[PDB]
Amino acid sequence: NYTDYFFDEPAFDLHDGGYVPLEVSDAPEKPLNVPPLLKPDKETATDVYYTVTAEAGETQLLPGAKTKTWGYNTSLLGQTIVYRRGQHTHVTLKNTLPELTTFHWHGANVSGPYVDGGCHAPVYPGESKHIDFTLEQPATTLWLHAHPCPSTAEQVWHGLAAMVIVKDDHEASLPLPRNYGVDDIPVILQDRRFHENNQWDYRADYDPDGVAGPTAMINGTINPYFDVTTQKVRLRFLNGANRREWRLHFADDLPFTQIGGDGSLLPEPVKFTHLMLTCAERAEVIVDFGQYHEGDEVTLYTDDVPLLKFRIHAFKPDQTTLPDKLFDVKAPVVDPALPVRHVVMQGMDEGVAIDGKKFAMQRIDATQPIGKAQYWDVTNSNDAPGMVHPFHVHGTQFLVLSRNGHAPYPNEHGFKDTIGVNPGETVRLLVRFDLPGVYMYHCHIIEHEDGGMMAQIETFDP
């Protein structure tokens, strides 16, 4: 009788003092919302042009009154944005909100601070900005969300997040579900607390160690079910919550195989029955429903709470099988002239800090040359009252070398931008920035990021 998850059972959120259990909503079960693929304004093989518009509106979530929500090219979350490697991407960023926002491309190898779209890329109500870039990184699932400093939390809670899919030649060649909306779906995992008139009140539910409500919400849907019409289904899991951790497993321990992480395909497929994700992490998995019959419903659960029902229909057999090797991880060579960087995440509540300091806009906390790989030792110092801190770094994809001198977890051998650090643990990352800019590095529990557990590094060309 042990935990089924890789992380440290005592550190789990369910052990927190102000832990909010998930509760099942009485709302009607309804089809999972699959956000439309965002149609480009114009597209050639060399160039793509998109308009992305932050906007306030209303969404039917619970029965009765509609919930006031924000979203991208929609009233909640966003239309899914497809980018291609090597394709000159051109984006118009339009803000029609009553408040100034930011357009952060979490996981995008792009310049900073302006394209990156973090704390220093404000966009006022009414005005537009124009960005352009060519991603040179592997196929993966990234995402877009707001990133004012503060409050990233409030804006994400309002509903500013959208899945971003990055396509490439290698990933296209592999035998994988790719029919978006049919056998390949977003699974954006969030929670909310609904107040009177089914409205949200971030500030009423504020907690300095993380905001979480009882009602799970997947792709802006309550009590979702999904209609399976293929044997294999591809799930792109994104933890878009402000603090909650998802411990994912089917009711009957139905196996699934993870094929992707944050920043790339995994080098090899990894079989799971139980998958934990901290804030901002992604995991792409293939589920096989071949043992089931028409009419059966297999339910996906987080801990002991049902999240997502899969209604099984008729499907043609799928004989295909995954290769031993999905992707070639080309590790950089550490620059020997560089020392080891030590980053200590510390404190809790309003005490949060990185290397003894709260985030300041005008202060540069670190530098690193472009093109030069470096070992980062990252430490979560919190003691017994412990929390798994998802450490994130803008403008790169790192490799995970060790966890307390031991091997990294079996699903951490590919490229990642976010790694959960257990209380007391030091992890070692191999980090390289390709481009010049100012990039944030922070805990992706968003309430702590708004509270000062954020710092910034400047990359430069020698």
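Residue numbers here begin at 1 and follow the sequence given.
- Per the PDB record, of the two stretches 330-338 and 388-396, 330-338 carries the greater mean B-factor over its C-alpha atoms.
- Of the two stretches examined, 115-123 and 273-281, the record assigns the greater average C-alpha temperature factor to 115-123.
- Note on the listed residues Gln190, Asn380, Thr141, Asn109: the highest Cα temperature factor in the record is that of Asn109.
- The entry lists C-alpha B-factors for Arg244, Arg247, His293, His145, and the highest of these is at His293.
- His313 sits in the highest third of its chain by CA B factor, as recorded in the PDB entry.
- For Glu458, the recorded CA temperature factor ranks within the highest third of the chain's modelled residues.
- Remark: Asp207 belongs to the middle third of its chain, ranked by C-alpha B-factor as recorded.
- Residue-level temperature factors show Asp303 in the lowest third of its chain, judged at the C-alpha atom.
- Ranked within its chain, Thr215 lands in the lowest third, by CA B factor from the PDB record.
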